[PDB]
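In terms of the entry's author numbering, the sequence shown opens at residue 1 and continues consecutively. Beta carbons are placed, not taken as given, at the ideal position from N, Cα and C, and that holds for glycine. This report refers to the structure that appears directly beneath it.
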Amino acid sequence: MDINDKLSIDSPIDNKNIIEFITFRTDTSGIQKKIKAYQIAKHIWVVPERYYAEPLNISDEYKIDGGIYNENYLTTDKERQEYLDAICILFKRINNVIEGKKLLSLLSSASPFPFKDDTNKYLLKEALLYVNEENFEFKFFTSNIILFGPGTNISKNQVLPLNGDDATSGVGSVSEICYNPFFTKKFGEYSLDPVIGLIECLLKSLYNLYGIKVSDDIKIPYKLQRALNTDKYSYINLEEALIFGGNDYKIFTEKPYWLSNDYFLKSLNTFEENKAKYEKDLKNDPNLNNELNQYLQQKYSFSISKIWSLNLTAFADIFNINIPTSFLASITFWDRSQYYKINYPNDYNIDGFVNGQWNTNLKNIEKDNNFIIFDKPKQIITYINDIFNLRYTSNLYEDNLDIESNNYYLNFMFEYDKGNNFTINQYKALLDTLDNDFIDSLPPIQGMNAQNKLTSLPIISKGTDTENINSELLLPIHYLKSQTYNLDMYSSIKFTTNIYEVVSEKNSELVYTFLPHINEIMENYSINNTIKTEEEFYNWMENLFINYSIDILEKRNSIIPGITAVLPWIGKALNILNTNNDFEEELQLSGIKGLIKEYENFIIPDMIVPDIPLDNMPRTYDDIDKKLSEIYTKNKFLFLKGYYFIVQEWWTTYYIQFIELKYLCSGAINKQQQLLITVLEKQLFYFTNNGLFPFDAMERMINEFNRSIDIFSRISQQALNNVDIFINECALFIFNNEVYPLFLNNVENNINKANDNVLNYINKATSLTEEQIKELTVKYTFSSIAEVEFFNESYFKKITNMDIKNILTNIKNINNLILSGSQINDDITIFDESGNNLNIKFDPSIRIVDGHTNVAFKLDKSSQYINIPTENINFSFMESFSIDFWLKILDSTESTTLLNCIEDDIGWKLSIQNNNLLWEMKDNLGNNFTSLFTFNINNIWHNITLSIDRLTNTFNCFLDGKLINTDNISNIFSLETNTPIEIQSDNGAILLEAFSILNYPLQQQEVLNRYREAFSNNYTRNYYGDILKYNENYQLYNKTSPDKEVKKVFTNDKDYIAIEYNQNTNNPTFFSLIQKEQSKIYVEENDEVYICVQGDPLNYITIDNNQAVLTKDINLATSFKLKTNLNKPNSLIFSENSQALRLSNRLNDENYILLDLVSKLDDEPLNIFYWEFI
């Protein structure tokens, strides 16, 4: 059984599963010391001590950029306990999901080949001999992996295999892991999940256990090296690339493969005979095997093709962690190395970070006594200007991946005999073929001997030191430094647009901004007297948000092909294409290539295989059709490996330069944000430090400014998304018409070549078929240029879209809600259609019934409710929103509630007050605003949409697409509250439908559009607004006499229908529509229908001299074509040809119904021709 989780604490005992062993290699002193470990799981051990082998400290020369190297760490029992607790927490979290516990099951039975002369197994630690008594009791405790603490470098989590020789040959190795979970990086405004750091160590160890390691020699191009004046590539290890999957792993693992480097064949081939030997030698059950058959039967049952599919990014998807899938191994190193301590008991539980990945708010590891973050920035660049004394230094940071030249692309060899392998119908999910329960059920190994061939692994690699290179122009990194503020809190800030001002003094209070509106605001702003009341502080904050929103979100539609729109601020932020010319126009003249350093030594593959052999082989239609088919398809494959080859090269040469711009734009935004929060932050501190405002008022401004931070970050993310799209377009554009056209020209030449090759292959031995070649020709003409083409622009979007997503915040679109619903069985569902704020609650007692053009929720009972949380629904004074829905009041109710979003008498609610809508909303400051719509909702479908525009401070209310109040809301500030939006009647029965809350404040024009779209089905409606139904009886009225009902008159020596006055009986006359054919349930516009008057004989409606007399025969009925007009939507027209029904002038207390030619008034006929059903 899995989820073992000993959960052991301290040192209660040192017996049974708790053992004390001797270290494999020697300590730094040069001696092996005894130590104790704890068994977390079957064959899995932990030891909460720093790595014995690695020194507790090293010289400054040997320190790596972004290490810790603190010696007084994990040198106490409480730290050892903290680490122990940290491990079981992480392993429980691994056991939390199904895939995680499948890996741990595999690890428990992934013992390397236990080869023996009837004695031992593979490498392993020793049991205590009872040397306490100096006894010599020998025993071996099984251990597939051993988890140590951090070694010399705390930041480094490396998996050291105790013998690399057998860890490559396929024998395997029980590797030792030195992993530290307490510190993680950010990469943005979110914290990296420690399980990724530990899962990666487990996967690396699993390769060692299976003996499938790449021997450190097999490397792949990952990315063009980040510098100025280098043009080499930074090569990544294949094993790392397999694990750090992301989008870099999808581009080379498509269905047609690449040079396997023999590894994907060597390892598979080595696996074949390793599987073969077990079944024919070890499965013969030698008596000294000690039940290792089952572990080996399960270990060899799993295919390595499934271990390779285990990438580190799909695991992040399983735990639902956000991770930079673009360049996972490198993108985390492109800035100063900063670590944040994780308090595992508190800040990280079985379900990941407690406070979510963004808002966990950990503390920087910077502390005086211990923990020095040794940072050596590769390529410290200092801008130099001899126009005037100006020297502006900036630090660059790069990954620690080793670098090679452009060889891979130059001397890449396509092996023409690489036909498709594996790729059976079945291979596209994780952990498909293994046993969880069966592996778990197997007892552990507790009795046999163990070998020890400790291959030394002391490959010390003192790294490169920094280079101090000058520069003649202001780099983006220089601009980014200008954006940052590096001073006290108790010191002023000065904004400017002249970058040259800031560079003059390195850490002057002055900071550069590329946002004109923001600079204008800060031109006249003193922390002393500009803001003097709470209300003014809020307003200034609102004013900043507005101006900030306007500057960064600015985009214009582009005339460049392949680009929808262009961000004109990118010029002023990173100093790229930043001339006196407009950025739009500079991009025109300079082109898209102006955004990238063009790589001259770009390699385009040649892809020529004209080899066509000849002979007389007469088998299987002389194997001609087959031979040319397999040749045609191999040429298709060869060209496809070339297209795949050219995509990888474009990725690692040209996209890297684009994702890098994404990184640069990312900061540039955040930076400006940081400035805007800081200028606000200093202002708040100015109040507090000088006393000034009281606690109640102070606490509110603090509370509101804290809230506002994520609101800056909301539109900040929105800016990056505009960048994401803009850059991707540019990235695909470079490939589209600068790499692809050159690659197509090679294929076109090879097409005509291979075409001519097959034409030159006419081995027409003995008698020949002159005609048949031309049939063979069309098959293998190679005319299918498009068929061989695999340029699905979708593919490039799939790899480059949201590749670094939610850097600023996880928060999606806000104030977005549609709230539809569906039925299943007798059961219902209610969800956000837009898929935002999906944590909805409701009782299933609610019935879903047809309404106006939709399905409506029937809130009958008071107990019934719909409860919509406000997790991403902001109602701060800086947030404008609107609410839109359709409502019908089922029963005559004077006073009921509909909506409610109020907590402690703060928030907003909508309710019914004496058949009148009552909208009130009141804020935290005690400013109330209330509005009473007195249009007297009377049991009729109504479109209630009402918009709160926080820009102009206007509250608009539209009913049925028509604006009413348009009051001013200026006196009303933030009414954000935690309580959800509640929808319950409380006093009445209502029908609610199409309940939408919108991110922006609607206007008259757009509201009217929304109202009109609700009629686009062209259904006829009764008076109440409900859609008219066939074979349903109604009362007929002329819309001109609401009070008087159309009533039949029978046995008058003429039977007809007419409106009677002084009725006083109003003998209910019920009419129903019926159609001769295609009998439906819902009555659409423009349908042929007859009118049935309910009566004992059940007579129908016909025409006699244009009168509407009642016949009794239905073949004697008249056909009316129903026409509806939007202006009167609860009204019908019974038109035959170009005459419609009309009411006559009063004659004998009776108004007769007759057909009259329709007379209109600007497309809109008289009120008479319109009829209503009830």
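>> Please state whether the Cβ-Cβ distance between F182 and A86 is less than 8 Å.
In response: The answer is yes: Cβ separation under 8 Å.
> What residue from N1105, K1080 and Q1094 has the CA that sits closest to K1054's CA?
Replying inline: Minimum Cα distance to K1054 is reached at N1105.
>> Bridge partners for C178 per DSSP, in chain order?
In response: DSSP output for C178 lists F148 and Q158 as bridge partner(s).
> Can you list, in chain order, the stretches of the beta strand (DSSP E) that have 3 or more residues and sit fully within the stretch 503 to 563?
Replying inline: 510 to 512, all fully within the stretch 503 to 563.
> What are the partner residues of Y62, as DSSP defines its beta bridges?
Replying inline: In DSSP, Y62 forms no bridge with anything.
> For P458, which three-state DSSP category applies?
Replying inline: Three-state result, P458: coil.
>> The beta strand (DSSP E) that contains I983, what's its start and end?
In response: Here the beta strand (DSSP E) through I983 covers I981 to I983.
> What residues are listed by DSSP as bridge partners for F857?
Replying inline: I848 and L992, per the DSSP bridge assignment.
>> For a test of the three-state rule: what should DSSP assign to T652, helix, strand or coil?
In response: DSSP places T652 within a helical segment (H, G or I) once states are collapsed to three.
> What are the partner residues of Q39, as DSSP defines its beta bridges?
Replying inline: Answer is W45, bridged to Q39.
> Quick one, are the C-beta atoms of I19 and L128 less than 8 Å apart?
Replying inline: Yes, Cβ-Cβ distance for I19 and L128 is below 8 Å.
> Which of helix, strand or coil does DSSP assign to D1113?
Replying inline: Per DSSP, reduced to three states, the secondary structure at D1113 is coil, with no helix or strand assignment.
> Touch check for the stretch 664 to 683 and the stretch 748 to 766: three-plus C-beta pairs under 8 Å?
Replying inline: The stretch 664 to 683 is not in contact with the stretch 748 to 766.
>> My parser needs the alpha helix (DSSP H) runs of 4 or more residues fully inside the stretch 775 to 805; what are they?
In response: DSSP assignment within the stretch 775 to 805 yields the following whole alpha helix (DSSP H) runs of 4 residues or more, N-terminal first: 785 to 788 and 793 to 800.
>> Closest to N938 by C-alpha separation, out of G907, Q984 and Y1024, would be which residue?
In response: With distances taken between Cα atoms, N938 lies closest to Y1024.
> Exposed or buried, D803, counting other C-beta atoms within 10 Å across all chains shown (16 or more means buried)?
Replying inline: A buried status is given to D803, since no fewer than 16 other beta-carbon atoms sit within 10 Å of its beta-carbon.
> Cα-Cα, which of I251, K266 and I22 is closest to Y130?
Replying inline: The candidate whose alpha carbon is nearest that of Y130 is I22.
> Who are the Cβ neighbours of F685 in its own chain at under 7 Å, not counting the five residues just before and after it?
Replying inline: Around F685: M489.
>> Please tell me whether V1007 and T1065 are closer than 8 Å, where the distance is taken between their beta carbons.
In response: For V1007 and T1065, no; Cβs fall outside 8 Å.
> How is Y73 classed by DSSP in three states: helix, strand or coil?
Replying inline: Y73: coil per DSSP, three-state reduction.
>> Check whether the stretch 953 to 964 and the stretch 785 to 803 touch, using three or more Cβ-Cβ pairs below 8 Å as the test.
In response: They do not touch, by the three-pair rule.
> Along the chain, where does the beta strand (DSSP E) that runs through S820 open and close?
Replying inline: Its beta strand (DSSP E) spans residues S820 to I824.
>> Restricting to Cα atoms, I'd like to know which of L124, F327 and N289 is closest to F244.
In response: The shortest Cα separation from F244 among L124, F327 and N289 belongs to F327.
> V1089 and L1122: beta carbons closer than 8 Å?
Replying inline: In contact: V1089 and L1122 (Cβ atoms closer than 8 Å).
> Roughly how many angstroms lie between the CA atoms of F743 and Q1003, to the nearest whole one?
Replying inline: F743 and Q1003 have their C-alpha atoms spaced approximately 52 Å apart.
> So, helix, strand or coil for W941, using DSSP?
Replying inline: Three-state DSSP puts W941 in coil, outside helix and strand.
> What is the DSSP secondary structure of residue 1206, counted as helix, strand or coil?
Replying inline: Because the chain spans 1 through 1174 in this model, residue 1206 falls outside it and cannot be assessed.
> Whose CA, out of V849, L817 and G835, lies closest to the CA of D826?
Replying inline: Checked all of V849, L817 and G835; the closest Cα to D826 is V849.
> According to the Cβ coordinates, are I983 and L992 closer than 8 Å?
Replying inline: Against a cut-off of 8 Å, the Cβ pair of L992 and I983 comes out as a contact.
> Who pairs with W308 in a beta bridge, going by DSSP?
Replying inline: In DSSP, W308 forms no bridge with anything.
> Quick one: what's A565 bridged to in DSSP?
Replying inline: For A565, which the question treats as bridged, DSSP gives the partners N557.
>> What does the Cβ neighbour count give for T952, buried or exposed, with the cut at 16 atoms within 10 Å?
In response: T952 comes out exposed.
> Quick one: what's got a C-beta closer than 8 Å to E535's C-beta in the same chain, skipping five residues either side?
Replying inline: So the list reads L925 and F973, once near-sequence residues are dropped.
> Quick one: what's got a C-beta closer than 7 Å to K102's C-beta in the same chain, skipping five residues either side?
Replying inline: Cβ neighbours of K102 within its own chain (closer than 7 Å, five residues either side excluded): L431, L434 and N436.
>> Under DSSP, the alpha helix (DSSP H) around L206 begins and ends at which residues?
In response: Taken as a continuous stretch (DSSP letters only), the alpha helix (DSSP H) holding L206 covers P194 to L209.
>> Extract the residue ranges of the beta strand (DSSP E) inside the stretch 221 to 273, only unbroken runs of 3 or more that lie entirely within it.
In response: Within the stretch 221 to 273, the complete beta strand (DSSP E) segments at least 3 residues long are 233 to 237, listed from N- to C-terminus.
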